[PDB]
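A short worksheet on the structure shown next.
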Amino acid sequence: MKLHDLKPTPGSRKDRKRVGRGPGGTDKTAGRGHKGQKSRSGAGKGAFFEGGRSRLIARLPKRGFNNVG
RNA sequence: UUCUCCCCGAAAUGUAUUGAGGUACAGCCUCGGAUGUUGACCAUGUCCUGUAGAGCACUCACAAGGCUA
Ligand SMILES: [Mg+2]
Ligand SMILES: [Mg+2]
Ligand SMILES: [Mg+2]
Ligand SMILES: [Mg+2]
Ligand SMILES: [Mg+2]
Ligand SMILES: [Mg+2]
Ligand SMILES: [Mg+2]
Ligand SMILES: [Mg+2]
Ligand SMILES: [Mg+2]
Ligand SMILES: [Mg+2]
Ligand SMILES: [Mg+2]
C-alpha cells in the first residue's frame, strides 16, 4: 500500500514539551516561577516534622491460599 | 533558559517548621470525567450578636453643695 499513506491513529502520538524556546509559550523560567527551584533536585516524601511519624504495630510473616470461588 | 497564534488565569493568606528570601498541607489557577442547578444576586420568614450611640443600675474614676464621729 502507500507507505507514504500510512497514518498513525490520531491521538496516540503527542508532541513533547520543548521548554525553553521563546515567549510563544513557557518562556524565561521554564514553568518554574522564579524560585528555590533549581537544577539538582532533592526530595519526594519529606517535610521536617515528618508526620508519617505515627507509631507501628508489627508482624513479620504471612502465607496465603490461591482462591477458587 | 531561544519558534508562533488560540483559551482560561492566579498567589503574596492560614497553620507548621534549628523555621523566617526555604519547604509540607490547605487556600486561590488550569485540564479531563461525573452530577447535573445544588452556585450568584436580591426579597420574605425566622433565629444569633453587644459594636455605634446612650446611660450610671453594678466596678473604677470624678465636679459643687447637704446631713454627719
Ligand atoms: Mg504550551
Ligand atoms: Mg531568574
Ligand atoms: Mg547541578
Ligand atoms: Mg480573561
Ligand atoms: Mg499550633
Ligand atoms: Mg516563608
Ligand atoms: Mg500545594
Ligand atoms: Mg471542569
Ligand atoms: Mg449549594
Ligand atoms: Mg439557589
Ligand atoms: Mg461609646
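Taken together, the values in this text are just the output of simple stated rules run on the coordinates, not laboratory data. Cβ placement follows ideal geometry from the backbone for every residue including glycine, while neighbour counts extend to all protein chains displayed.
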statement: For A:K2, counting only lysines whose alpha-carbon sits under 26 Å away and dropping same-chain residues fewer than eight positions off, the answer is A:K14
statement: Of the candidates A:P23, A:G11, A:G33, the farthest towards the positive dipole end of chain A (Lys/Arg Cβ +1, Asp/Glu Cβ -1, centred on the Cα centre) is A:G33
- line: Of the convex hull drawn through the C-alpha atoms of chain A, the volume per residue in Å³ is 378
query: Charges only on Cβ, +1 for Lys and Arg, -1 for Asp and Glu: so what's the dipole of chain A about the Cα centre, in debye to the nearest 20?
result: 200
message: On a full-extension model of 0.36 nm per residue, what is the gain between A:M1 and A:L60, subtracting their alpha-carbon distance, rounded to one decimal in nm?
response: 15.1 nm
